[PDB]
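What follows is a single structure, written as structure tokens, with notes after it.
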Amino acid sequence: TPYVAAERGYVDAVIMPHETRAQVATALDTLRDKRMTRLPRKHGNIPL
Amino acid sequence: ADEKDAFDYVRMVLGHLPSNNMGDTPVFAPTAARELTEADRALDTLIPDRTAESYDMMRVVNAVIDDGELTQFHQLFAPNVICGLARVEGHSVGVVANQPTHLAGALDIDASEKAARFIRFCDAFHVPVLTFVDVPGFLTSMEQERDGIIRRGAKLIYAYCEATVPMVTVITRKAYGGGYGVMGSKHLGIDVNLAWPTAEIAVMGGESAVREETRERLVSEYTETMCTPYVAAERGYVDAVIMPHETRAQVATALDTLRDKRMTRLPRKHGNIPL
Amino acid sequence: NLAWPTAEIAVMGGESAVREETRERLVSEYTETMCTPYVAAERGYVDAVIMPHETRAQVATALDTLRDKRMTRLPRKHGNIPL
Amino acid sequence: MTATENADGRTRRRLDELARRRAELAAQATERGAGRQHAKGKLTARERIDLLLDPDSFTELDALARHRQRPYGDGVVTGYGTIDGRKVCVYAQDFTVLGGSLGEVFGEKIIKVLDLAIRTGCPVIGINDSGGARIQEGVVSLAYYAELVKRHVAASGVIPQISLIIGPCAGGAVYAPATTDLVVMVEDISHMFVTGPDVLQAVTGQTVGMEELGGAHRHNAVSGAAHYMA
Amino acid sequence: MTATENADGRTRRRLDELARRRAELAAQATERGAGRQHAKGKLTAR
């Protein structure tokens, strides 16, 4: 079920399926100005 | 082979690396004088007279690096290419080298991914990359195209083009077709490109350029005259044609000259390397 | 870099390239044929050879295309221009 | 009197000569190379640029570039324009001129337009369709294939880079589209591979057709080297 | 047997050819161009 994850905050909300469009749109608007930067590096070393 | 060997390997690898991407890599005392020795002179007779005959590329690599000691990465994976950490005159280098004794030294999917990640790792931790070239081209099989050689082989040329560390490339023999350009050529940004007199630089080799009846003379005549280092040298694509015995001193001299190289990529969050 | 068809691009002009007796024909023949935009255009030193009447539109188009050009000099306290 | 008068039509003759050279370029649209391209079910490079870009928005670079038979343009059409009013740069290989094979001038033209897109911050779109390396230039051809990839890597994650394959694309040249962000292939008329079927048969003794080895469906469904099958 | 032997001196001839080209460069120090330069009171570039 979703409820152990919800109890631990691993999911922010359990939603009715019909709420998906509005909840996605609301989250994207709230997050629009997110600012996060990685620790400085020349580049990473992703597995190839 | 056992846990002690695993830990010895880890200590050896870390000993060649900085502690982080901003720190200095440890520098050790040089282990050899630059005067020529028998190990340098051996390189003059290393290249076989016969087209089809191979040599062990480790005999070139070990002649150049301090104490003849290469700490390899992925030694058992894609052994048609060699990757590992070493030192030249007490400074860390990462070696990439085609190996004629496996799959004729051809590049394939696995060797491209092995060398690509090793180069990117070296570049991230400010370790110069030293390349030895003897490449016929890419491995031929029905499966290479199906299994993704276009998108997967592209990782290797991306890694060289991305790198900003000092880079030195030495062509010992074959450099045909797309193999020439991919293997650390000057066109990717490599700083110093040296060719032995035995370098065979051409769009195609003699076997492909044909078309007592059976005979190797016309291809051998094509390999001489048409598959040489001198067109590349005339165009500055190689900086010098060197005697094989000059390799160690010329590599050490170039790495010292390039030590303070400063180059930065155009700003970005990150790149989009093919995956 | 745009050139009119009348562009005369050369190391030297016709008056210098010489050496009824007095005559402008050999220099005029040199200016045509040898002092043109087309060698520069063949080498990409000019991006286009344009009719003179195209100048206004071609200049305006190039300035719009280049508007967001971003180029920075290598870092320094300042340069040392000749004085 | 002051100096002399000439009665020359020198300046007019210079404008007429540019018109003459422009008419040479324009007549190529109905010459035999364009006919063979259309006979294969393919548009020409200039038809492709005209179709992709907003109407009347294309400005050409290096139209009269020429190697030192030498045809204008050296086998690629380059320039800039708009898509939906937004600035882009384009290069389209010209299969009807020396097979679109990569030479020194061909390479320099593409370098110019890639550098322009990078420093003005707009997308670049390449349209590939070519018979391979200009073998006559030898290692020079290999040099410029590699120089182009170097620019694509410099631009990776800096400007969007799109590659269309609408004809052959073979050899190491495939690594240029591979380092862009999006590779589009058109069904039946495009093919891509590092090693062609003749070498494959000579080495493995197996026969594979070009469509089976490197057609649009093959790369879109199996190898992953293409992102859309048009 | 395994493949064949050649008895070629192919690799040695390649090294000898580099030596030949290097000797061309080195001989220029005593050729006529260097002589005219020295005749003008000038050292050569090298």
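Chain letters run A, B, ... following the sequence lines, proteins first, then strands; residues in each count from 1.
The CG atom of B:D49 sits 4.5 Å away from atom OG1 of E:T11, with the distance rounded to the nearest 0.5 Å.
Nearest approach of B:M243 to E:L18, heavy atoms of both residues: N-CD2, 3.7 Å. Here the closest non-hydrogen pair linking E:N6 and B:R50 is CG-CG, 3.3 Å.
The local environment of CZ in B:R41 is crowded, with over 12 non-hydrogen atoms from other residues, nucleotides or ligands closer than 6.0 Å. Environment of CG in E:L43: sparse, with no more than 12 heavy atoms of neighbouring residues, nucleotides or ligands closer than 6.0 Å. Heavy-atom contacts from other residues, nucleotides or ligands closer than 6.0 Å to CZ of B:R259 number more than 12. Within 6.0 Å of the CZ atom in E:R20, the count of heavy atoms belonging to other residues, nucleotides or ligands exceeds 12. Within a 6.0 Å radius of CZ in E:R22, other residues, nucleotides and ligands contribute more than 12 heavy atoms. A 6.0 Å sphere centred on CD of E:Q28 holds more than 12 heavy atoms belonging to other residues, nucleotides or ligands. In B:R215, the CZ atom is crowded: over 12 heavy atoms of neighbouring residues, nucleotides or ligands sit closer than 6.0 Å.
Of the atoms belonging to B:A195, not a single heavy atom falls under 4.5 Å from chain E. Contacts of E:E5 with chain B are made by backbone atoms alone, with heavy-atom separations under 4.5 Å and no side-chain atom involved. Within the 4.5 angstrom heavy-atom criterion, atoms from both the backbone and the side chain of B:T223 approach chain E. Using a 4.5 Å cut-off between heavy atoms, E:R21 touches chain B through its side chain atoms alone. For B:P48, the part sitting under 4.5 Å from any heavy atom of chain E is the backbone (N, CA, C, O) and nothing else. For B:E224, the parts lying near chain E are the backbone and the side chain together; criterion is any non-hydrogen pair under 4.5 Å.
In this structure, E:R14 and B:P229 have side chains that are in contact, with non-hydrogen atoms separated by less than 4.5 Å. At least one side-chain heavy atom of E:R10 sits less than 4.5 Å from a side-chain heavy atom of B:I47. Looking only at side-chain heavy atoms (C-beta outward), E:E17 and B:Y230 come within less than 4.5 Å of each other.
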- Could you walk me through whether B:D44 and E:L15 pass side chain to side chain contact (heavy atoms under 4.5 Å, CB included), step by step? CA-CA 8 Å; B:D44 284 348; E:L15 271 62; 3.7 Å; yes
